[PDB]
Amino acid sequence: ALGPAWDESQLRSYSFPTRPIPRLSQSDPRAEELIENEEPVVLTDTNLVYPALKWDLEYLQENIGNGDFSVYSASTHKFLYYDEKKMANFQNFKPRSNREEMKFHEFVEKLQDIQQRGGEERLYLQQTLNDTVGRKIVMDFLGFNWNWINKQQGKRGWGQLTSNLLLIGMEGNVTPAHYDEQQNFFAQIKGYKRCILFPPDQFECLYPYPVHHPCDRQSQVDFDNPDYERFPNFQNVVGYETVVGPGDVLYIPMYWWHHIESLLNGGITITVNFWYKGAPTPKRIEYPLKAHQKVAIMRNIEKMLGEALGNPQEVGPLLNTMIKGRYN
């Protein structure tokens, strides 16, 4: 009877309607049906990261090792990421978030400081779990529900687990809408994150940056102020929404757009995700294609032209030449 975990006033306000992602037992056939069919579902009882539910900044500082952690800094609540390698071919791009490597205890002191000095700055720890972690964390990791998630990997024909990303964010932190090219079981550990997903068939409404841009895979649309002149179909976007707290696992299917925010005035959030490579392309192709297969096609066309033209800055002009007065 502990009261409302959170309320609507902690959710940011946006221009589009949503329906709820279903929350189900891991033993419920409907939940298996959704995962099999690459639709989101929040599972409430996997115990996937049960051992980590005691994690907080003190336990982690004490136990997580002397390794380096990538900490992103932002002057705003939106943490747009950028691929550093791609900066070259978009000279007119300055980042809105710096990355800094620091020891875990330096990160905790950073938060303390900002908090104590009423600072505006925001931080977001995002670090792959690795060898360097302490004995207690290794034991917690080994206590994850591998039986369950390994079975899911076998049943969906997925490829290997590529990594586990540890995410520690400040209240109000936003990861803007983007899609990932792997399957993701998103395991909430501390605090609450609002997750807004969009299916791959809404590619037309979300206007991803060019593949060769540093922000490849993110939406160009500012959710806090959509430019309907440039992005008219953003007026047609409909999301699938949920709030995940400790113990919840959100299946975020490959290619599904997701916008993710830590609840306003909700304290720090901790999440560990589980990224798996997708099943291989099927022997025989079934027509017409699924949406994510079309996204795959479009990405490859952009890649190939960048290569063939010898310069990604020519992909736009060639593509426009191809369609104006011909296919539009």
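All residue numbers are counted from 1 along the displayed sequence.
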task = Identify the stretch, either 96-104 or 212-220, whose C-alpha atoms have the larger mean B-factor according to the entry.
result = 96-104
ask   = Per the entry, where is the mean C-alpha temperature factor higher: 186-194 or 67-75?
value = 67-75
task = Check the PDB entry and point out which of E302, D45, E58, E39 has the largest C-alpha temperature factor.
result = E58
Selection by C-alpha B-factor (highest) of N311, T18, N320, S25 = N311
task = Give the position of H178 by CA B-factor within its chain, expressed as the lowest, middle or highest third.
result = lowest
inquiry  = For the chain shown, is the CA B-factor of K155 in the lowest, middle or highest third of its modelled residues?
reply    = middle
note = By the entry's values, the third containing the CA B factor of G119 is the highest
ask   = By the record's CA B-factor, is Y82 among the lowest, middle or highest third of residues in the chain?
value = highest
task = Name the third of the chain's ranked CA B-factors that contains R230, choosing lowest, middle or highest.
result = middle
